[PDB]
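Below, in structure tokens: the form deposited in one PDB entry, a single chain.
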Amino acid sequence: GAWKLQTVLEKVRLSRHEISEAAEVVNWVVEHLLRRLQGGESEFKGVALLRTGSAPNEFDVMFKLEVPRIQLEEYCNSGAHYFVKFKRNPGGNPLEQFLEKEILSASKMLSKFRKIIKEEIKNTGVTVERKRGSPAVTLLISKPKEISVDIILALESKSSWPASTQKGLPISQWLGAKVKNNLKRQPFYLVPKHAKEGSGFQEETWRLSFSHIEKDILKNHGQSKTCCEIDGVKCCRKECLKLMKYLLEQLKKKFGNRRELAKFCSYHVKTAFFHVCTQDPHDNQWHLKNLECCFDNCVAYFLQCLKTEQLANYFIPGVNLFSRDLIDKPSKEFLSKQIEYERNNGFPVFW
């Protein structure tokens, strides 16, 4: 009880109320816009909502677009980025006007996407800011409350997951082979996300997105089916993830005046957390009463990731989120030093 983590969890929860009401607002706007696209005659007719995914004035949502016969070409042997292409369909491809020869232009598609949402924003109390660099068409909600909502276009493919994901999702000892097999039968998504710097080639690439698998695993996170249910026993997995996210955000805000923490995000700790679930697959390794030791274990694993510059994408093992290509050594050293300090002093940044 020395770290008083339950009190920290209460602090984090208290905040859940305001964002709960912003939902009504986002729900209202977004669902309308969807109806609009679906009823119009644009290439985004087949658009639908994806429920996947703190700071209460900022949300993002994903509009998926089924597209069949998707073929993927790996971009520069990177397991995450891909060119999307199509062979000739005798019928029309609704995205045919975005192709240059066989391959899909993310830029021309996003440009068009942004264009027609702008035309459909016609009442109001809501606008869309000029392009942040980000793929998202971001909405600015004036009233009732002030809300930023980023709309992320995604392609949905119902084909088998790409080869790069072959050794990914190492959950066989934890959630089991049947769950793993069923998750991998689910569709995957492609999102036009590329680095700020980058060639025009990169700007036309798409990266794999498994946010829906992540959500499923977090919500169904126990080896026992009764984990955290009333007729079961409570684990601390979700509490550890929340605390890890909270530690990073409190640190990013404490040191927002320097560059070293700018490239770290919640996805890094979530990724590290999933690896810890794989190392410790049994519910009895996560008893709620041992919250402190479990949190400490997650923190130590994350420190080992920083030091060794190794944090493999959970779904795409060939992708190292902590490679020196992506985050320089001094940045990881800085975060390492702060996390060691926090850990040695019972996490003062929580208070």
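The term rigid core refers to the most C-alpha atoms you can superpose between the two forms while keeping them within 1.5 Å. Residue positions are given as counts along the sequence shown, with the first one as 1.
Participant: Indicate whether the chain is continuous between residue 123 and residue 124 or, if not, how many deposited residues are absent from the coordinates: none, 1 to 3, 4 to 9, or 10 or more.
Facilitator: In the deposited sequence, 1 to 3 residues between these two have no coordinates.
Participant: Note how many residues of the deposited chain are left out of the model between residue 158 and residue 159; the options are none, 1 to 3, 4 to 9, and 10 or more.
Facilitator: Nothing is missing.
Participant: On average, which has the higher Cα B-factor in the deposited entry, 149-157 or 216-224?
Facilitator: Averaged over C-alpha atoms, the B-factors run higher in 149-157.
Participant: Look over 189-197 and 257-265 in the entry and identify the one with the greater average Cα temperature factor.
Facilitator: The recorded data point to 189-197.
Participant: Quiz for you: based on the deposited Cα B-factor, which of 340, 328, 18, 10 is highest?
Facilitator: Checking the PDB record, the top C-alpha B-factor among 340, 328, 18, 10 is at 18.
Participant: Per the entry, which of 289, 324, 51, 282 tops the list for Cα B factor?
Facilitator: Across 289, 324, 51, 282, the entry lists the biggest C-alpha B-factor for 51.
Participant: Residue 239's Cα B-factor: lowest, middle or highest third of the chain?
Facilitator: According to the entry, residue 239 has a C-alpha B-factor in the chain's lowest third.
Participant: Sorting the chain's modelled residues by C-alpha B-factor, tell me whether residue 105 ends up in the lowest, middle or highest third.
Facilitator: Within its chain, residue 105 is a middle-third residue by C-alpha B-factor, going by the deposited values.
Participant: Give the position of residue 171 by CA B-factor within its chain, expressed as the lowest, middle or highest third.
Facilitator: Tercile = lowest for this residue's CA B-factor.
Participant: For residue 113, return the chain-relative third of its C-alpha B-factor as stated in the PDB record: lowest, middle or highest.
Facilitator: Answer is highest: the recorded C-alpha B-factor places it there.
Participant: Which third of the chain does residue 229 land in by C-alpha B-factor: lowest, middle or highest?
Facilitator: It belongs to the lowest third of the chain when residues are ordered by C-alpha B-factor.
One more form of this protein exists, namely the form deposited in another entry; it is left out here, but the text below deals with it.
Participant: Might you check 185, 118, 259, 88 and identify the only one whose CA position changes by 2 Å or more between the shown form and the other one on rigid-core superposition?
Facilitator: The only residue crossing the 2 Å threshold is 88.
Participant: Any CA movement of 2 Å or more for residue 199 between the shown form and the other one, core superposed?
Facilitator: It does shift by 2 Å or more.
Participant: Closer or farther: the C-alpha atoms of residue 30 and residue 196 in that other deposited form, versus the form shown, with a change of 3 angstroms or more?
Facilitator: Farther apart, which means the C-alphas of residue 30 and residue 196 are at least 3 Å more distant in that other deposited form.
Participant: Just to spell it out: taking the C-alpha atom of residue 195 and the C-alpha atom of residue 328, is that distance smaller or larger in that other deposited form than in the structure shown here, given it changes by 3 Å or more?
Facilitator: Residue 195 and residue 328 sit farther apart in that other deposited form.
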